[PDB]
Each structure stands twice: as C-alpha cells, then as structure tokens.
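In what follows, a single structure is set out as structure tokens and then discussed.
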Amino acid sequence: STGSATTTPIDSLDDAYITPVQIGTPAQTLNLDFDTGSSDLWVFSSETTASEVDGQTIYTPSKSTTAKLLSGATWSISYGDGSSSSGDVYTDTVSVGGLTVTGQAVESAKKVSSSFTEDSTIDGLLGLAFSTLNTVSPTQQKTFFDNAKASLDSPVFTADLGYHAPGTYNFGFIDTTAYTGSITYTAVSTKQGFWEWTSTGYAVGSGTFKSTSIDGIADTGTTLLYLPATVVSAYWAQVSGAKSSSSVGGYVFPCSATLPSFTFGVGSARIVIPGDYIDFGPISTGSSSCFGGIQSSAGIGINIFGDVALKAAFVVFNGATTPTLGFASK
Numbered sequence: 090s091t092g093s094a095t096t097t098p099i100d101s102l103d104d105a106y107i108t109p110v111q112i113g114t115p116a117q118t119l120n121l122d123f124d125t126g127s128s129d130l131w132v133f134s135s136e137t138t139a140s141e142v143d144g145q146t147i148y149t150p151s152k153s154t155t156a157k158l159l160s161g162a163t164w165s166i167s168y169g170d171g172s173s174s175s176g177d178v179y180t181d182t183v184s185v186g187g188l189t190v191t192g193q194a195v196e197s198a199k200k201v202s203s204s205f206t207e208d209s210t211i212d213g214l215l216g217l218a219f220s221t222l223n224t225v226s227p228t229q230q231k232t233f234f235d236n237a238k239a240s241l242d243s244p245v246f247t248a249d250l251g252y253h254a255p256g257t258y259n260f261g262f263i264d265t266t267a268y269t270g271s272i273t274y275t276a277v278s279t280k281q282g283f284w285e286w287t288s289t290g291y292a293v294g295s296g297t298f299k300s301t302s303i304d305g306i307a308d309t310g311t312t313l314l315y316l317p318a319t320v321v322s323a324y325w326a327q328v329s330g331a332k333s334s335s336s337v338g339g340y341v342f343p344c345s346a347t348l349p350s351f352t353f354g355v356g357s358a359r360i361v362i363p364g365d366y367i368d369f370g371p372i373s374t375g376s377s378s379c380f381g382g383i384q385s386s387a388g389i390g391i392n393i394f395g396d397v398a399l400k401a402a403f404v405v406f407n408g409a410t411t412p413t414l415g416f417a418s419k
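Numbering (UniProt numbering) for the sequence shown: 90 to 419.
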C-alpha cells in the first residue's frame, strides 16, 4: 500500500505545516501537524476543556463507531518550547492520503497549553519519530508509521515541504519526479528516539565549505534551523546590522537586509537553503527588525534541522530495519 497527502503552511511565514487526516467512522477530518520529532498522535476533542478550544476542529469519539476507549491509558507531553497537553486514549481507524491503519492509538486531549489554543489552524499532532518516545502510559503505543510500515510497498515516508507553497507527505514510495539529481543517504541513530544524523558541514552564501560534524535531528515539527553558536555566529556576521538580542530571544536583522543562503552537508552532497527561507519577518507588527530563521541550539542541548532546512530538500525517512535518512535537492 501507499498514501499521499498534501501539506500546507499554516501562515505566510511557514511557521508549521498541516496535513488532513481522517479519523474514525464515519471519517472526521482533522488537520494535523506531522512531526518527525515526536511520537504521539494527539487531537483536540470533545473532551478538551471548553475554554481551551478556540476554532480547532475536534475529534468526537462517541460519534465514531470504530472508536474504543483504551482502558486505563493516559498521555502527557511537554514540548521543548514550553508547550504541553494531556488526556486519554482511544483506538480508531486513521487514514492519511488513502493509507489506512486500523487500531491506531488516537490520544484525545483533555487539556492543551495556551500555545495550542491560540493556534486555530492546528487540530493536533501526528508523530513520526520512533515509537520509543510515545508517552502513553502504562502501555506505550505505536506511531501511525510504525503501524503502517509492514503493509507499505517500501517501509519509508517522504517529506516535501514547500516554501510559501503546498507540499507533500508520501508513505510507502519515493516519487522520483519530486527531486533533482540523486538522493544521498546518511546514517541515523535512534538512541534518543529521533531521526538523528550527522551533517558533514556548512557554508554561508558563496563562502568556502567548512567540513565539521554537526549532529542533529530532522524535525518537521520545528520551524527553525537550530545550530551550534559558532555556526550561527558565522552566518549572521554576513548580514549587516544583525545581532543577537537577549530580549527578543535570538538573532534579529534589519528587515531591509538581503540574506545569504546557507548550505549544509549530507555526506559529499550539499543542500542549499535560499536566503529568503531564513526571513521570519518583523519581530512585532510594524517593526523594521526581523527575526532570523537560523538560531543557536545552545541550551536546547541538540541541533535541530527544522522546517527552514527540510523545506530546501526532498527528505526520505527510511524505516528499514536499520533506518537511514535521505536528502535530495529539488
């Protein structure tokens, strides 16, 4: 089997991407944030505290004839940006782009943090990291991809995120028309439950490539590119007037600036992030100071190849017995 679904930026800055997901019988379609950095499929629901729901589409398990309460099961997640949510668990039928899993754990939110309430476009998350990170207690549950894997034509999914444009998540096949050149594959460590890999280095604009190992995660659920302070300093040094602002919480730059590209290494291959992808617009409405899309990972504890990086590539998440990651230009 295979599946294919269009993924759409939630706003003009590409802050996140949503993908429609069918849950239950009859289908309830929710727009979920596909997140290769986490492993829970959780949704706004009829059980969510009313004051915490503001425009989201909810899952109502009582209206799904295939929903079954998973007895005694609860979940709770606190993300690396202060965000959190929690609730109970149903199993139900879940389909993405024509690919169907029966008995998928659907984590129904009783509580969500403010940041989720305030984002009316995201109805929940669909985790695509390794099932070892799933938070369901007392019995951990499998991700959608883990449940689908054995049925797929090939045990893979691909992320093709757009810059200011729609893109695609495919399951079970590689669309060879979706990229240019070849896919370069690189080793993955699953030791922390992430799609964790080692970039071979970077360049800033048309500058010389610096060969240096950068360990990080491919994370579709993180907006920006978080890299070591040395690397980030080297990038913003090429932008006149850019500076790190403690009050704002990162590097800012004059909105009139032209940003250089940023290149990262995948083995001997190179992915070029156009400078425009690194512009996240005014720090506050009407400001002429703009927020940078490359920021320091110091104090995150890990480097993160978020959407800024991933949207410059066609990315293969290969879930073979020994997982690997593939990157191609597009």
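We treat Cβ as the ideally placed atom computed from N, Cα and C, and that holds for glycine.
Beta-ladder partner(s) of residue i, from DSSP
{"i": "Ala94", "result": "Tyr258"}
{"i": "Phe351", "result": "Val293, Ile362"}
{"i": "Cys379", "result": "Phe342, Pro371"}
{"i": "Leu316", "result": "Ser385"}
Neighbourhood of residue i by C-beta distance below 7 Å, restricted to the same chain and skipping five residues each side
{"i": "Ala218", "result": "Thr125, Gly126, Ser127, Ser128, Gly282, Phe283, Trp284"}
{"i": "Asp212", "result": "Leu119, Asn120, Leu121, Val132, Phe133, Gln145, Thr146"}
{"i": "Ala237", "result": "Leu188, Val190, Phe260"}
{"i": "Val405", "result": "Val245, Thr247, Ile263, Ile272, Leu414, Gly415"}
Same chain only: Cβ atoms within 6 Å of residue i, ignoring 5 sequence neighbours per side
{"i": "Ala267", "result": "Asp249, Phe403"}
{"i": "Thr312", "result": "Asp104, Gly395, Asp396"}
{"i": "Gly192", "result": "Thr180"}
{"i": "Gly390", "result": "none"}
{"i": "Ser184", "result": "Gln111"}
Any non-hydrogen atom of the ligand SAM closer than 7 Å to residue i Cβ
{"i": "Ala276", "result": "Looking for the ligand SAM in the displayed structure turns up nothing, as the structure carries no ligands at all."}
Any chain D beta carbon closer than 8 Å to residue i
{"i": "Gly330", "result": "The structure shown has no chain D; it contains just one protein chain."}
Contacts around residue i, its chain only, beta-carbon distance under 8 Å, and the 5 residues preceding and following it disregarded
{"i": "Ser329", "result": "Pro343, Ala346"}
{"i": "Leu158", "result": "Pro150, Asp177, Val178, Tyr179"}
CA-to-CA distance, residue j to residue i, given in whole angstroms
{"i": "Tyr291", "j": "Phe351", "result": "7 Å"}
{"i": "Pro371", "j": "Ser333", "result": "15 Å"}
{"i": "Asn223", "j": "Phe233", "result": "11 Å"}
{"i": "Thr228", "j": "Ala326", "result": "49 Å"}
{"i": "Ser376", "j": "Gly310", "result": "27 Å"}
{"i": "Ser243", "j": "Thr108", "result": "21 Å"}
{"i": "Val355", "j": "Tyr258", "result": "21 Å"}
{"i": "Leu314", "j": "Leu130", "result": "24 Å"}
{"i": "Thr91", "j": "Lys400", "result": "22 Å"}
{"i": "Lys419", "j": "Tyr366", "result": "14 Å"}
{"i": "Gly171", "j": "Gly388", "result": "14 Å"}
{"i": "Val277", "j": "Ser288", "result": "11 Å"}
Residue burial classification, residue i (beta-carbon count within 10 angstroms, cutoff 16)
{"i": "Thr221", "result": "exposed"}
{"i": "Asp235", "result": "buried"}
{"i": "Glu196", "result": "buried"}
{"i": "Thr137", "result": "buried"}
{"i": "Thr96", "result": "buried"}
{"i": "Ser385", "result": "buried"}
Subject >> Segments assigned beta strand (DSSP E), at least 3 residues, entirely inside the region 90 to 137 >> reply: Qualifying beta strand (DSSP E) stretches, in chain order: 92 to 98, 106 to 112, 117 to 124, 130 to 132.
**OP:** Go through the region 169 to 229 residue by residue and report every complete run of the beta strand (DSSP E) that reaches 3 residues or more, in order.
**Re:** 173 to 185, 188 to 201, 213 to 216
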